[PDB]
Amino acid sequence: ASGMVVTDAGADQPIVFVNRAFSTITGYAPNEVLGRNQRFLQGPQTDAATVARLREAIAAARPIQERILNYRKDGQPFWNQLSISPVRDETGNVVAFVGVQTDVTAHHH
């Protein structure tokens, strides 16, 4: 099951919703992450160029997909196949962002 998050469109994109699979993948309960920017999933081995691409895409409200190294609440690394899309109304205003997270790590084999 893939994680899904909704964030606000404005002012550093606080989380406003996560699905159950997001908790399964990340180790965080919904109420521990509401109101926060998703960058808390990053850590020292996260690729800075990837993060830069995300930063520029979100600022421009452009869809973006990346495979990014993230970290569970407990510190356990996982590779995140991440897809972010703006949600627009019919006059083009960005209402929110949606993010999908798939854990693509081979954890056990």
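In this text, residue numbers run from 1 along the sequence as written.
Trainee: Hey, which bit's got the bigger mean C-alpha B factor in the entry, 87-95 or 17-25?
Mentor: Taking the mean B-factor of the alpha carbons in each, 87-95 is higher.
Trainee: Regarding 51-59 and 26-34, which shows the higher C-alpha temperature factor on average in the entry?
Mentor: Averaged over C-alpha atoms, the B-factors run higher in 26-34.
Trainee: Using the B-factors in the PDB entry, rank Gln42's C-alpha atom against the chain and give the third, lowest, middle or highest.
Mentor: Within its chain, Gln42 is a lowest-third residue by C-alpha B-factor, going by the deposited values.
Trainee: Sorting the chain's CA B-factors, does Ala106 end up in the lowest, middle or highest third?
Mentor: Highest third of the chain for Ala106's C-alpha B-factor.
Trainee: Please place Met4 in the lowest, middle or highest third of its chain according to the CA B-factor in the PDB entry.
Mentor: According to the entry, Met4 has a C-alpha B-factor in the chain's middle third.
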